[PDB]
């Protein structure tokens, strides 16, 4: 019954109806797919069509939802499997598209690099559309929450399998997690992974993933799988030796405390915005820095030791729906990550056992009415849970 993994063909139809319920009479939405594979997600959200060199048109000729028309121009079944009301070859674009534009007053199309995009743009009231769909994508349906839970569950269990094994080089740990994501049931990597051991964890954008791992440092890993186009996002940090030292413990619990207290905020009744939570993450991280006695270091305030945001919306993209307001209260159905971090520089003004230690703990949280749902709860992160899996398996 599914059209793409986790989503039925009925929901795709319902998504196109929800968009049409916002359009005036004699409108048409034009979405150009990608070329050679990562489909255009606005197109994928409404069609489930995952092929290159394709154009979708959603047309509302009157004010009745029963008159809408779902056009699909594909490379030379689309009507029977994807429920396209009309279809034609993509070669017919120059003869097919102008007939539709001329009979409509409002053209929903983003004028700002696909080949069919430059084609359609040259043919051209023009209104943007990608942001209006973003307001729909930021609210996940129960089916979408289920398929994301499956992605995070597969990714989470893959981390636990890695916890029980010893890795002498980053690239082995990289290829291992990739295989477990795929054999666990995922389509691909959700994003380019980070496998940073020791001082490598201080580079926020480290992706080389080929350095040797030593028995005295911890490894920071940001990696997760994708299923049906939906992405998970997990970060974990654990010692290579398999046991936390007293220093590695104190720093890890600081990041874990900030993350835990922030996850507890993700209830829609709290009326917090994503930025509201981030500013609370700064406050909490300051207090943890004070508990460790490293908050008042000159030139290294909390912004330089915690130098990124608390998280981001998650969905078809890793950094999902970027065009939605970070300042409006979180609504039921949104999926955001909670990923605070600490990264101590190699400065003698810091204790020696803290220098060159970077830590980040990331989980995917879905917003509920009076609670939340940890979509990545399987990947253990408590020190006693971590040390148990590492030494016993």
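Residue numbers count along the first chain shown, from 1.
According to the entry, the deposited sequence has 4 to 9 residues without coordinates between residue 112 and residue 113. A summary of the deposited B-factors shows that, of 333 to 341 and 45 to 53, the stretch with the larger mean C-alpha value is 45 to 53. The mean Cα B-factor in the deposited entry runs higher for 296 to 304 than for the other of 169 to 177 and 296 to 304. In the PDB entry, the Cα temperature factor peaks, among 320, 276, 105, 135, at 105. Highest CA B-factor among 97, 262, 151, 190, as stated in the entry: 97.
Per-chain ranking of the deposited C-alpha B factor places residue 146 in the lowest third. When all modelled residues of the chain are sorted by CA temperature factor, residue 222 is found within the lowest third. Residue 242: CA B factor lies in the highest third for its chain, per the PDB record.
Ranked by C-alpha B-factor against the other modelled residues of its chain, residue 124 falls in the highest third. Placement of the Cα temperature factor of residue 311 within the chain: lowest third of the modelled residues, per the deposited record.
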